[PDB]
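Quick heads-up: it's one chain on its own, the form deposited in one PDB entry, in structure tokens.
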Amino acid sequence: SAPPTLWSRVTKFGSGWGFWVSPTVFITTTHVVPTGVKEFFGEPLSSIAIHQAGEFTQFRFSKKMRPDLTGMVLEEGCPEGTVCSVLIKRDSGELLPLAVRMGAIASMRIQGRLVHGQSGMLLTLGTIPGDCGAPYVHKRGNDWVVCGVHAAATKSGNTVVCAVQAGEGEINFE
């Protein structure tokens, strides 16, 4: 079970959520990012290094925004076959950690677009519209690491997709 400080990194943001990886680094899902604003968390956009790759968005602020936090490992994608936890917060405040077995990084057709991400199968009460941005995490030893942020899910809800940093690894026909 995630400690309270880990949950405290999960942060309401735009139409979804985001995650404080460190005092200065915040990750979220591209499509939830508020548009037509001049600031994020009170900081002018120009003072922020905003990196975006498909559905994966990262902010690095020039000042410490969460100095209470230690830096956490951000993996480029979740270990295939690993059971990760999606740290879902609901608007009510309810915490809903969901266990998901991670699959492959690939592109999924989502509402007309081919979206690069990583799929997983819900093991656990699933994800719902508004959950986008919630972090996918797992433990390595006594530490938690984050590997993706929630983006989408199948109609049944049994399959979820998170945005990741990793690109398209080498696959060959056999």
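So that the term is clear: the rigid core is the largest set of C-alpha atoms that superpose within 1.5 Å between two forms. All residue numbers refer to positions in the sequence shown, first residue = 1.
For the cut-off of one third of the other compared entries, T124 qualifies: that many or more give it no coordinates while modelling its flanks.
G133 is built in all of the other entries compared, counting only those with both neighbours built, so it is not a gap in a third. The deposited sequence places no unmodelled residues between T70 and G71, so the chain runs continuously there.
Comparing 138-146 with 102-110, the stretch with the higher mean C-alpha B-factor in the PDB entry is 138-146. Just going by the entry, 17-25 versus 148-156 on mean CA temperature factor gives the higher value to 148-156. Looking at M121, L125, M65, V32, the one whose CA carries the top B-factor in the deposited record is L125. When the modelled residues of the chain are ordered by their C-alpha B factor, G117 lands in the lowest third.
Ranked against the other modelled residues of its chain, the C-alpha B-factor of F40 as given in the entry falls in the highest third.
Although it is not shown, the form deposited in another entry is what the next lines describe.
Large C-alpha shift between the shown form and the other one, rigid core held fixed: of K139, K38, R113, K64, this applies to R113 alone, with a displacement of 2 Å or more.
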